[PDB]
Amino acid sequence: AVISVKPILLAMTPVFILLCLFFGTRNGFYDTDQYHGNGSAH
Amino acid sequence: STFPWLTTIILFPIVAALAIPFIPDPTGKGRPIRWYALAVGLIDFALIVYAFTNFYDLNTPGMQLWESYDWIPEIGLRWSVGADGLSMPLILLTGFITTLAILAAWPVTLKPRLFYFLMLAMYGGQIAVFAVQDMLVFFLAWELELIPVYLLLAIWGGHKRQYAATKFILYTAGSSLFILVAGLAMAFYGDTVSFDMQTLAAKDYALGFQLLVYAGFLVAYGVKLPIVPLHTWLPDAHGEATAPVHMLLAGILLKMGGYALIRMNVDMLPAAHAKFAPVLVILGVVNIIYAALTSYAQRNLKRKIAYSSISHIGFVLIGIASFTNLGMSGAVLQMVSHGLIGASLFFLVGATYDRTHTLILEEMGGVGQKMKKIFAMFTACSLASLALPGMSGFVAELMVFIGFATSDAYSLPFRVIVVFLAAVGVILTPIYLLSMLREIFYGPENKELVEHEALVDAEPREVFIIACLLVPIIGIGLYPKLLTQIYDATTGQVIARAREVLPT
Amino acid sequence: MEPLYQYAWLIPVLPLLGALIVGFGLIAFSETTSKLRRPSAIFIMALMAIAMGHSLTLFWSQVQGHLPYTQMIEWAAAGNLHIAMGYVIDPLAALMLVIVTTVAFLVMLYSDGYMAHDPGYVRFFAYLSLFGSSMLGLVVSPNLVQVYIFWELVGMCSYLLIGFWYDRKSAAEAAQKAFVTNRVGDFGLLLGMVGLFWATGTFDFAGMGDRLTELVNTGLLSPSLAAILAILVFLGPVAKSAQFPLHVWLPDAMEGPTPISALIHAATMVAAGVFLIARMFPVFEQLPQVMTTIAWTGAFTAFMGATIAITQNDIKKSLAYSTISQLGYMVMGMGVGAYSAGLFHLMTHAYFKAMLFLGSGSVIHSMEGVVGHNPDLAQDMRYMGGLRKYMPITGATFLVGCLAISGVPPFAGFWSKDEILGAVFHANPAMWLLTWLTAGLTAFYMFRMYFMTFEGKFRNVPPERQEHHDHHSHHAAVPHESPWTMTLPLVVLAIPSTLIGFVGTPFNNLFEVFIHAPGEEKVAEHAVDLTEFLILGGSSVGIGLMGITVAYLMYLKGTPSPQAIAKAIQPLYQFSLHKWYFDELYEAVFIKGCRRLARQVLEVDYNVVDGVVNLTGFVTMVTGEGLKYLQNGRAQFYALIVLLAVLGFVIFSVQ
Amino acid sequence: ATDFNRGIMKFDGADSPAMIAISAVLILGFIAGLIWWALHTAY
């Protein structure tokens, strides 16, 4: 009796994909203040 | 199983990064280019899971995505790919981190057509390191992430970028040549001129010949995986980098020097491994004690955890050079654990620098009063690097200690001193990680707040990248057989190929 | 039994989900969950009360005569190297199950009173259930691996809770010290856990004692070499129970919240630091040199932390110095062998230090009324004397907490305290008369804290005269500030103190020891008599009784002044006032030394091994700037090198 | 060492070049002393 990785990775993969596409749309501070500007670490 | 899977997964982000100069609508910064790189990074990671959950067929020693295409019959190099147990976790780890490294590369608006080209070229070029069963394609893929990671530091980096970028490209191209030197020395040994990693492992080499090849590979792999004499390239290029570039640097590129130590220095060179295994566990402990003190002695924030990446690497060398089925199981686990722990830590350093713009850590203090979700995630990510149980940073180091001092390879006066000295890093890692948390967030004494650090917030996307990185951190910490079942049968053949060598 | 014992793993994982849910609700929904402060408290408190319902019938099933029940699930397997992690339901473990979850449900009742003025109300109940879920797994642990998953886990919750407020610079440095000093104990525990898996070969406590005694008499292990294994495992509990080398973090652990101080002295100090050595008596009983080491470092801590509690004005810091000594008073009972009584001074410590700690916070929330928010020591500004003259029910509940820790005639301590005093005057009474000397001193500093702050006048006139706070004038002087959520937990934690008026009596002292059997059935004792037990008790009650009459007369003169003591014993008074001069030894040597050793590892990195790298790039740049001067125009010179190399190659190649 | 000596707990006072070489021979000698230990004490 071993919990196998394949059924829980295949079940968490479409949860992982559609949340990356959703959480990109919802974001803050990188569009309004944004005093870092173009150079991302200058 | 007839479809080219690992050939596609390697070659998909390379051929799709060529469509990045042809992406329309350049309305200001590159917003559709940013969404295009996430769209291809997500569907390429889904190809890794589709090749895993349908065609990996675990507890089977050997490659199960083995596709040996002919490229140049005159030299003898083939396009031979394949994922065994030493490759498939790191192939799955590369597809997972780089997908978030595109998501971490959202505030970059400097040269967005150039950024997501080189990051996708690293996405095809890092899977290509663990997957190929060859030498001249392995040296190709090792130096495939030589130009696009140079330009990721030299354009989007801190200050002293040009010192950090040119020191790095001279230190790794000047050390990848020993993969060509030792890879050609092994293939021309004897009579068969094969270059695949299968036949070159089964070939019998002399003991004096293998000590030159082992010394050549240790110069080549002691640079990327930072063994502490050849480590000075790291905290400059890791100290001057952005958050998404750093998740590929410490998350994946450091593990290619640890993947090839188990693959090209233990499988192919077992008799030279046994003669020079006690120098690795000495170099592995002094990887920990040197870097954890240097993390405490440094006050630059991005440079502190950059040295902490060298200390968690130090437990891999004790795991490889222990000849134990549990010791080597803790070495591959430390490569997957620190890749998830570091890419979560180094994402939050670029998140903290995006609000405070200092990294000096003297003008900081009381940041946790202003932003709260960043400090709540900076604590839990630094706690995973404390080797705290319930997280994968502990069981990766627990298997190394148990795997070392149960092995019938070293003597008893040697095994006690190494385990006692490698456990000093158990004390030393809460010294600087908690002092970094204290001298940034804990306290009332804030900054000037009028010239520097005028803004403070916490984006909900930055919460998601941390929270999805802590699921394989905690989920391996509550069940370490979730990753061990990928390489339980392959590590059992790597160690047993060296168990036949140890009476020597 | 079968749905009660096979689902016994629900007791750790139920309060874990209380923090998993609201932790996911604070990191993503912080606008609503911070407003949802009152319902999320009762939601977390419900799943602790459900886990209280498990342990109250799992332990009650054990005292009726049920067998111990084990379970093991594989954790991390390899070639011939397995890790197993499950649980056991032991009468020792089931007694520890009730102790940790009664005082966790009780401190959640207390938590509604000390705050709901604090905006960190929701996060406090998240961290409280994270403490319990990490500690309810430590007590059910069958293995040395399984005690180590939750050894550093409760050290994490001890780190997160001491630095709960995180806006003080004092609580900033306090939380970091508590993790490091516990990690040195975790450094010793991890060394011995691998070291005992090396020798024996299994991680369970039952399979470790029989394997250690199999090799120490055969000749495989040495009696001197295998002795160093058990002291390393013992170095774990010397950090969590605050023994002699590692006790510095306890004066600073009082910089956190007052309800946490009751839980870091009932759940991770007297519970955790005593349970691990209690489970390892299969190992320690076969090694005599280890047990005299444990008893010696317990005997000094009963004297070390005792003297620092006197001339300590702070109420929380004086209780922290007491539980240094009372733990040392208890760990030395496990050093002399008589450890069943060491586990029955466990029940009267957790329910009475929490009586003293939670009772102290009712004084602290009262002291915010007339006095400002900064001082909480022995009272100034209407100075020390009277709080119980205002007649609160919070005043009489730490007096009975102080009454049962001295050894007084009409209450507890007459039945509980002096049982390990007769067992310690057997073997080495010269080095262990020191505990009898401080036995009147534990009666000193506890009653020194009673009538200095509760008997006199503490409402007349302010000496400092600076509060000026609207949150201090609304802090409800005349000590009824303590709301209805202090009426219950300051009383219902004493309904076992009435039960110890019935259990642990001269007909129930015997019937409890038969429950707490050792690894074998044997009970070792030197000599107990019928006639000698009265003078060993009747003279041991008097030293505790005269230890408070020298305090009843000292601190009711106004000033602590018998003759030639105002001009004090400054050779010794400078030790206790400046806190043993032990914090500055650890600071000027170890902290500065690790700031000095580490610095020259950075400068040998940046200059020596980085100088070789910046010299390979320097002797190549100045090489190309030396052969740049090889060409200089003047094409006659270019024809010279062509004609010289012709003359070179005709001598070089003819031989 | 001017940037290494910020206004926090560092700058102990031994950052001289006479101390850099004498810290090198102890640190690099301990690694080499453990390496030469390793090829003989192990087996």
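Sequence order as written determines residue numbers, which begin from 1 on each chain and need not coincide with the entry numbering; residues that lack coordinates are not included. Chain letters start at A and ligand numbers start at 1, both assigned in the order the entries are written. Each value listed here was derived from the chains shown, which are themselves a piece of a larger assembly. In computing side-chain values, all of the structure's heavy atoms are included and hydrogens and water are not. Residues with missing side-chain atoms are left out of burial classes, side-chain pairs and their counts.

In its metadata, the entry names cryo-EM as the structure determination method and reports 3.10 Å as the resolution.

Moving on to the overall build of chain A. Secondary structure elements follow DSSP: runs of H or I of four or more residues count as helices, runs of E of two or more count as strands, with numbering from the N terminus. Per the secondary structure count, chain A includes 1 helix and 0 strands. Principal-axis analysis of the C-alpha atoms places the extent of chain A at approximately 55 × 20 × 10 Å.

Where interface size is given, it is often the accessible area lost as the parts come together that is meant. Residues count as neighbours in contact if any of their non-hydrogen atoms are within 4.5 Å of one another. With 63 residues of chain B at the interface, the matching set in chain C holds 51 residues. Buried surface area refers to the total accessible area, computed with a probe of radius 1.4 Å, that the two partners give up upon joining, counted for both partners together. Across the chain B to chain C interface the summed buried area is about 5100 Å²; carbon plus sulfur atoms make up 73%. The salt bridge criterion pairs a side-chain nitrogen of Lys or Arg with a carboxyl oxygen of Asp or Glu, the two atoms within 4 Å. Our count for the contact surface shared by chain B and chain C stands at 1 salt bridge. A salt bridge links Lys 167 of chain B to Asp 610 of chain C; the shortest N-O distance between them is 2.5 Å. Pairs of N or O atoms are called polar contacts if they sit within 3.5 Å, as long as, within protein, a hydrogen donor faces a hydrogen acceptor (for residues adjacent in sequence, only side-chain-to-side-chain pairs). In this assembly, chain B and chain C are joined by 16 residue pairs in polar contact. When residues in the side of chain B that touches chain C are grouped by element, the largest group, 9 residues, is from helix α20 (residues 424-438) of chain B. For this scheme, ten residues count as nonpolar: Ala, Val, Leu, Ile, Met, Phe, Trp, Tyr, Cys and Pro. Four count as charged, namely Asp, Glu, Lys and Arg, and the remainder, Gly too, count as polar. Grouping the constituent residues of the side of chain B that touches chain C by class yields 42 nonpolar, 15 polar and 6 charged.

Taken together, the contact between chain A and chain B spans 32 residues of the former and 48 residues of the latter. Here the residues of the side of chain A that touches chain B are counted per class, giving 17 nonpolar, 12 polar and 3 charged.

Here we take up the packing of aromatic side chains. Note on aromatic pairs: the rings of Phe, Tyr and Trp (six-membered ring only in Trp) are paired at centre separations within 6.5 Å, and the planes decide the class, stacked below 30 degrees, edge-to-face beyond 60, tilted for the rest. As enumerated under the stated definition, the model contains 55 aromatic pairs over all chains in all. Summarising the aromatic geometry, the rings of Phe 375 of chain B and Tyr 166 of chain C are spaced 5.3 Å apart at their centres and angled 55 degrees between planes, so their arrangement reads as tilted. Residue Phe 375 of chain B is found in helix α17 (residues 373-384), and its partner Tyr 166 of chain C is found in the loop between α8 (151-162) and α9 (169-199); the two belong to separate chains. Any residue under 20% of the maximum accessible area for its type is buried, any over 50% is exposed, and the rest in between are partly exposed; the area is computed with a 1.4 Å probe on protein chains only. Given a relative accessible area of 9%, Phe 375 of chain B falls into the buried group. Every member of this aromatic cluster is reached through a ring pair, and the members are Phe 375, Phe 378, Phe 441 and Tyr 442 of chain B together with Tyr 166 of chain C. One cation-aromatic arrangement involves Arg 34 of chain B over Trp 106 of chain B; the distance from NZ or CZ to the ring centre is 3.8 Å. The positively charged end of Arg 168 of chain C is found above the aromatic ring belonging to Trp 165 of chain C, 4.9 Å away from the centroid. Sitting over a ring, as applied to charges here, requires NZ of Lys or CZ of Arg to be within 6 Å of the ring centre and within 35 degrees of the ring normal.

Once that is clear, we can look at the nonpolar core. Grouped burial of nonpolar side chains is what soluble globular proteins tend to show. The definition of a nonpolar core used throughout is a set of buried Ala, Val, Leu, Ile, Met, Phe, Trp, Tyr and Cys residues joined through side-chain atoms within 4.5 Å. Ranked by size, the top nonpolar core spans 417 residues in total, and within it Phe 138 and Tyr 221 of chain B together with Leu 144 of chain C carry the most contacts. Residue ranges for the domains originate in an automatic or database domain assignment. A domain split of this core shows at least three residues from each of domain 1 (1-577) and domain 2 (578-655) of chain C. Every residue in contact with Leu 144 of chain C, bar those within four places of it in the chain, is listed here: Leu 189, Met 193, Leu 196, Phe 203, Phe 205, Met 208, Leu 276 and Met 280 of chain C. Listed in part, the 8 residues of the second largest apolar core include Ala 295, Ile 420, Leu 421 and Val 424 of chain C.

With that settled, the discussion passes to helix α22 (residues 434-448) of chain C. Since the α-helix advances by 3.6 residues per turn, residues separated by three or four positions end up pointing in the same direction. Residues and elements named next belong to chain C. By this rule, a helix spans an expected 1.5 Å times one less than how many residues it contains. For α22, which comprises 15 residues, the first-to-last C-alpha distance of 20 Å matches the rise-based estimate of 21 Å (1.5 Å per residue) to within 8%. Most of α22 sits out of view: 12 of its 15 residues are buried. Residues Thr 435, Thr 438, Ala 439, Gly 440, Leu 441, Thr 442, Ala 443, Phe 444, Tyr 445, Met 446, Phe 447 and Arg 448 constitute the buried set of α22. In this structure, the buried residues of α22 make contact with α17 (288-309), α18 (315-331), α20 (347-370), α21 (396-403), α23 (451-454) and α29 (540-552).

Let us now look at a nonpolar patch on the surface. All names here are of chain C. By definition, no residue in a patch forms a salt bridge, and every one has over 30% relative accessible area; like charges are joined within 9 Å, nonpolar side chains (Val, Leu, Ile, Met, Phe, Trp, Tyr) within 5 Å. Only the protein chains shown count as cover for residues, and all accessible areas are computed by the Shrake-Rupley method using a 1.4 Å probe. Together, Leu 640, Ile 641, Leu 644, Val 646, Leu 647, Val 650, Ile 651 and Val 654 give the surface a local cluster of nonpolar side chains, amounting to about 760 Å² of exposed area. Positionally, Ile 651 belongs in helix α35 (residues 635-652). The exposure class of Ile 651 is exposed, given its relative accessible area of 60%.

A few words now on unusual backbone geometry. All names here are of chain C. The phi dihedral of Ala 116 is positive, around 80 degrees, even though this residue is not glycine. Along the chain, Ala 116 falls in the loop between α5 (91-114) and α6 (121-135). Here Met 381, not a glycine, exhibits a phi torsion of approximately 60 degrees, which is positive. Mapped onto the elements, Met 381 comes out in the loop between α20 and α21.

Residue and element names in this part refer to chain B. At a minimum axis separation of 8 Å, helix α3 (residues 88-104) and helix α11 (residues 243-267) run at an interaxial angle of 165 degrees. Relative to α11, the element α3 lies roughly antiparallel. Note on packing geometry: the crossing formed by α3 with α11 is left-handed. Taken together, the residues of α11 that come into contact with α3 (itself represented by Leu 90, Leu 93, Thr 94, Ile 97, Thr 98, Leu 100, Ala 101 and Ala 104) are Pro 244, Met 247, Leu 248, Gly 251, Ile 252, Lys 255 and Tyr 259. Looking at side-chain class alone, the contact of α3 with α11 contains 11 nonpolar, 3 polar and 1 charged residues. Simply put, an axis is a line fit to the C-alpha atoms, just over the touching stretch for a helix, and the angle between two N-to-C directions goes from 0 to 180 degrees. Here the word oblique covers every angle except those under 35 degrees (roughly parallel), over 145 (roughly antiparallel) and from 65 to 115 (roughly perpendicular). Handedness of a helix crossing follows the sense of rotation of the near helix relative to the far helix, less than a right angle counterclockwise being left-handed and clockwise being right-handed.

Each regular strand displays side chains that alternate between the two surfaces of the sheet. Residue and element names in this part refer to chain B. Here strand β2 (residues 77-81) lies mainly inside the structure; 4 of its 5 residues are buried. In terms of strand pairing, strand β1 (residues 67-72) meets β2 through 5 bridges, oriented antiparallel. Bridging across to β2, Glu 67 finds its partner in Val 81. Here the rule is simple: two strands pair whenever DSSP picks up at least two bridges between them. A loop of 4 residues connects β1 with β2, the two strands running antiparallel in sequence, and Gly 76 in this loop sits at a positive phi of about 105 degrees.

With that settled, consider the arrangement of the chains. Most contacts, among the 4 pairs of chains that meet, fall between chains B and C. In this view chain A stays clear of chain C, with the nearest C-alpha atoms of the two still 9 Å from each other. At the level of C-alpha atoms, the two units chain A and chain D stay apart, their nearest approach being 18 Å.

Moving on: the packing of α17 of chain C against α22 of chain C. Residues and elements named next belong to chain C. Contact geometry of α17 with α22 gives a least axis separation of 9 Å together with a crossing angle of 30 degrees. Classified by the interaxial angle, the pair formed by α17 and α22 is roughly parallel. Handedness of the crossing formed by α17 with α22: left-handed. Taken together, the residues of α22 that come into contact with α17 (itself represented by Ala 299, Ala 302, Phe 303, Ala 306, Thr 307 and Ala 309) are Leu 434, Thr 438, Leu 441, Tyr 445 and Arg 448. Among the residues forming the contact of α17 with α22, the class breakdown is 8 nonpolar, 2 polar and 1 charged.

Further remarks concern the side chain of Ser 87 of chain B. Residue and element names in this part refer to chain B. Within the secondary structure, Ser 87 is located in the loop between β2 and α3. Residue class for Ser 87 comes out buried when judged on its relative accessible area of 0%. When neighbours within four sequence positions are excluded, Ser 87 is seen to be in contact with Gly 82, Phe 130, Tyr 259 and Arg 263.

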